[PDB]
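As stored in input.tsv (TSV, C-alpha atoms and all ligand atoms):
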```
chain	number	residue	atom	x	y	z
A	1316	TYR	CA	9.85	3.87	-22.17
A	1317	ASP	CA	8.96	0.23	-21.11
A	1318	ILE	CA	5.11	-0.04	-21.59
A	1319	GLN	CA	5.02	-3.26	-19.40
A	1320	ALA	CA	7.19	-2.07	-16.38
A	1321	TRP	CA	4.15	-0.90	-14.31
A	1322	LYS	CA	3.08	-4.51	-13.53
A	1323	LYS	CA	6.20	-5.56	-11.49
A	1324	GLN	CA	6.29	-2.05	-9.91
A	1325	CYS	CA	2.66	-2.58	-8.70
A	1326	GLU	CA	3.53	-6.10	-7.40
A	1327	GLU	CA	6.43	-4.62	-5.31
A	1328	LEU	CA	4.20	-1.79	-3.97
A	1329	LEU	CA	1.50	-4.36	-2.93
A	1330	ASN	CA	4.28	-6.32	-1.08
A	1331	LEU	CA	5.19	-3.14	0.89
A	1332	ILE	CA	1.46	-2.49	1.66
A	1333	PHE	CA	1.05	-6.10	3.02
A	1334	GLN	CA	4.10	-5.57	5.39
A	1335	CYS	CA	2.67	-2.25	6.80
A	1336	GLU	CA	0.57	-2.79	10.03
A	1337	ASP	CA	-1.91	-0.16	8.72
A	1338	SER	CA	-3.10	-2.61	5.96
A	1339	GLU	CA	-4.45	-5.22	8.43
A	1340	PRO	CA	-8.17	-4.13	8.18
A	1341	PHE	CA	-7.98	-4.14	4.31
A	1342	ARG	CA	-6.04	-7.40	3.44
A	1343	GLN	CA	-9.20	-9.59	2.98
A	1344	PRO	CA	-12.88	-8.82	2.18
A	1345	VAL	CA	-14.78	-7.12	5.05
A	1346	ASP	CA	-16.41	-9.80	7.29
A	1347	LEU	CA	-20.22	-9.56	6.90
A	1348	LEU	CA	-20.84	-11.64	10.10
A	1349	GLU	CA	-18.90	-8.92	12.05
A	1350	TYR	CA	-20.64	-6.00	10.18
A	1351	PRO	CA	-24.13	-7.33	9.13
A	1352	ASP	CA	-25.33	-4.03	7.46
A	1353	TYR	CA	-22.11	-3.55	5.40
A	1354	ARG	CA	-23.80	-4.25	1.96
A	1355	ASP	CA	-26.66	-1.73	2.82
A	1356	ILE	CA	-23.95	1.01	2.70
A	1357	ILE	CA	-21.23	-0.33	0.34
A	1358	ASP	CA	-22.28	-1.28	-3.27
A	1359	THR	CA	-18.83	-2.62	-4.45
A	1360	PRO	CA	-16.57	-4.23	-1.79
A	1361	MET	CA	-12.79	-4.17	-2.46
A	1362	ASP	CA	-9.63	-5.37	-0.59
A	1363	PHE	CA	-5.86	-5.76	-1.30
A	1364	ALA	CA	-6.04	-9.57	-1.81
A	1365	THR	CA	-8.64	-9.00	-4.60
A	1366	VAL	CA	-6.39	-6.28	-6.18
A	1367	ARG	CA	-3.31	-8.60	-6.12
A	1368	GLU	CA	-5.36	-11.56	-7.56
A	1369	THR	CA	-6.70	-9.31	-10.40
A	1370	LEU	CA	-3.13	-8.16	-11.24
A	1371	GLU	CA	-1.66	-11.71	-11.15
A	1372	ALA	CA	-4.52	-13.09	-13.35
A	1373	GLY	CA	-3.64	-10.54	-16.07
A	1374	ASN	CA	-7.00	-8.73	-15.66
A	1375	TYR	CA	-5.63	-5.12	-15.37
A	1376	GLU	CA	-4.69	-3.44	-18.70
A	1377	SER	CA	-3.04	-0.33	-17.01
A	1378	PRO	CA	-1.90	0.98	-13.63
A	1379	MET	CA	-4.81	3.49	-13.79
A	1380	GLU	CA	-7.29	0.58	-13.41
A	1381	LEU	CA	-5.37	-0.81	-10.38
A	1382	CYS	CA	-5.28	2.76	-8.89
A	1383	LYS	CA	-9.14	3.02	-9.27
A	1384	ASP	CA	-9.64	-0.25	-7.28
A	1385	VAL	CA	-7.15	0.76	-4.49
A	1386	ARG	CA	-8.91	4.21	-4.13
A	1387	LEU	CA	-12.24	2.25	-3.77
A	1388	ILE	CA	-10.79	0.44	-0.69
A	1389	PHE	CA	-10.23	3.91	0.93
A	1390	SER	CA	-13.58	5.45	-0.19
A	1391	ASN	CA	-15.50	2.40	1.17
A	1392	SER	CA	-13.71	2.82	4.55
A	1393	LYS	CA	-14.68	6.54	4.61
A	1394	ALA	CA	-18.36	5.77	3.78
A	1395	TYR	CA	-18.56	3.01	6.51
A	1396	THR	CA	-16.91	5.03	9.34
A	1397	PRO	CA	-19.20	6.40	12.13
A	1398	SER	CA	-16.51	9.00	12.86
A	1399	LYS	CA	-13.54	10.64	11.13
A	1400	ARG	CA	-11.73	9.70	14.47
A	1401	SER	CA	-12.24	5.89	14.11
A	1402	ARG	CA	-9.18	3.49	14.37
A	1403	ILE	CA	-9.73	1.66	11.12
A	1404	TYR	CA	-10.48	4.94	9.18
A	1405	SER	CA	-7.25	6.54	10.70
A	1406	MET	CA	-5.21	3.53	9.46
A	1407	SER	CA	-6.90	4.07	6.00
A	1408	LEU	CA	-5.73	7.75	5.85
A	1409	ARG	CA	-2.04	6.90	6.60
A	1410	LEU	CA	-2.07	3.94	4.16
A	1411	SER	CA	-3.71	6.16	1.43
A	1412	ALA	CA	-0.93	8.80	1.86
A	1413	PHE	CA	1.77	6.03	1.51
A	1414	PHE	CA	0.01	4.55	-1.57
A	1415	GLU	CA	-0.40	7.96	-3.34
A	1416	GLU	CA	3.30	8.89	-2.62
A	1417	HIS	CA	4.54	5.66	-4.38
A	1418	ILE	CA	1.96	5.24	-7.26
A	1419	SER	CA	2.67	8.76	-8.69
A	1420	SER	CA	5.93	7.73	-10.54
A	1421	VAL	CA	4.32	4.41	-11.74
A	1422	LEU	CA	1.47	6.41	-13.42
A	1423	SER	CA	3.84	9.07	-14.86
A	1424	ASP	CA	6.28	6.50	-16.33
A	1425	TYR	CA	3.45	4.41	-17.93
A	1426	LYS	CA	1.81	7.48	-19.51
A	1427	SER	CA	5.22	8.73	-20.84
A	1428	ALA	CA	5.90	5.23	-22.33
A	1429	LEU	CA	2.53	5.23	-24.15
A	1430	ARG	CA	3.12	8.76	-25.54
A	1431	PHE	CA	6.61	7.62	-26.83
A	1432	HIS	CA	5.01	4.51	-28.51
A	1433	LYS	CA	2.50	6.81	-30.33
A	1434	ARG	CA	5.08	9.53	-31.28
A	1501	LIG	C1	-14.99	1.71	12.47
A	1501	LIG	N1	-14.86	1.39	11.05
A	1501	LIG	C2	-15.28	0.02	10.74
A	1501	LIG	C3	-14.91	-0.45	9.38
A	1501	LIG	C4	-15.10	-1.77	9.02
A	1501	LIG	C5	-14.76	-2.21	7.76
A	1501	LIG	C6	-14.22	-1.31	6.83
A	1501	LIG	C7	-14.01	0.00	7.16
A	1501	LIG	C8	-14.37	0.45	8.44
A	1501	LIG	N2	-14.19	1.79	8.82
A	1501	LIG	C9	-14.29	2.25	10.13
A	1501	LIG	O1	-13.75	3.29	10.51
```

Step by step, read the file and then write its structure as structure tokens.
Amino acid sequence: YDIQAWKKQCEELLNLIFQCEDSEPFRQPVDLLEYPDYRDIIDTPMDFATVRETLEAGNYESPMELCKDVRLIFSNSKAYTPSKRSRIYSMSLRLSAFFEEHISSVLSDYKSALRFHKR
């Protein structure tokens, strides 16, 4: 029932994401010189370095807020892809499946801890 445990669990999951080859396109903000129409399509850019910096600054209150920003990385990739068969988008689908498999217990434990605090 530790209300604070989610933070270190999210730091460890971000470390695993950075080691995976499938994160390479998503580690830093999308390069606008490479993709000059990116901001005509994508209203709110997001990347894993931004997520980690937000966490380490103490600017997430819950793992739900971190989970919203990570899902935005994947939805932006889907909106920018010319094909569902693209390389970068296919890396995004494997990395999304890995993320969802590991964040499920972080969310469940946090929400259980809050309910116990309010019992
Ligand atoms: C082919 N692309 C290009 C791309 C650039 C930046 C972010 C996401 C994507 N998605 C794609 O599938």

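Closest approach to ligand LIG 1501 (chain A) among A:1348, A:1403, A:1429, A:1421: A:1403, based on only C-alpha atoms and all ligand atoms.
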
Inset, instruction - For ligand LIG 1501 (chain A), collect every residue having any atom at a distance of at most 12 Å from a ligand atom (counting all atoms listed in the file); output as a PyMOL selection string. - result: chain A and resi 1338-1354+1356-1357+1360-1362+1387-1408

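Atom to atom, CA of residue 1409 (chain A) and CA of residue 1319 (chain A) stand 28.8 Å apart.
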
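Of the listed residues (A:1327, A:1430, A:1332, A:1373), A:1332 comes nearest to residue 1385 (chain A); the distances count all atoms listed in the file.
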
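Relative to CA of residue 1417 (chain A), CA of residue 1337 (chain A) is found at 15.7 Å.
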
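Ranking A:1413, A:1425, A:1363, A:1333 by their shortest atom-to-atom distance to residue 1377 (chain A), with only C-alpha atoms included, puts A:1425 first.
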
Legend entry - Pick from A:1367, A:1433, A:1386, A:1323, whichever lies nearest to residue 1414 (chain A) using only C-alpha atoms: A:1386

Is it possible to get the residues within 10 Å of (-1.0, -8.8, -12.0) (coordinates as in the file, counting all atoms listed in the file) written as a PDB file with C-alpha atoms, keeping the file's coordinate frame?
```
ATOM      1  CA  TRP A1321       4.150  -0.900 -14.310  1.00  0.00           C
ATOM      2  CA  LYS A1322       3.080  -4.510 -13.530  1.00  0.00           C
ATOM      3  CA  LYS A1323       6.200  -5.560 -11.490  1.00  0.00           C
ATOM      4  CA  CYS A1325       2.660  -2.580  -8.700  1.00  0.00           C
ATOM      5  CA  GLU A1326       3.530  -6.100  -7.400  1.00  0.00           C
ATOM      6  CA  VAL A1366      -6.390  -6.280  -6.180  1.00  0.00           C
ATOM      7  CA  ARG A1367      -3.310  -8.600  -6.120  1.00  0.00           C
ATOM      8  CA  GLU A1368      -5.360 -11.560  -7.560  1.00  0.00           C
ATOM      9  CA  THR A1369      -6.700  -9.310 -10.400  1.00  0.00           C
ATOM     10  CA  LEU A1370      -3.130  -8.160 -11.240  1.00  0.00           C
ATOM     11  CA  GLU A1371      -1.660 -11.710 -11.150  1.00  0.00           C
ATOM     12  CA  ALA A1372      -4.520 -13.090 -13.350  1.00  0.00           C
ATOM     13  CA  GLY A1373      -3.640 -10.540 -16.070  1.00  0.00           C
ATOM     14  CA  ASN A1374      -7.000  -8.730 -15.660  1.00  0.00           C
ATOM     15  CA  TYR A1375      -5.630  -5.120 -15.370  1.00  0.00           C
ATOM     16  CA  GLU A1376      -4.690  -3.440 -18.700  1.00  0.00           C
ATOM     17  CA  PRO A1378      -1.900   0.980 -13.630  1.00  0.00           C
ATOM     18  CA  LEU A1381      -5.370  -0.810 -10.380  1.00  0.00           C
TER      19      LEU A1381
END
```

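Interatomic distance, CA of residue 1383 (chain A) against CA of residue 1317 (chain A): 21.8 Å.
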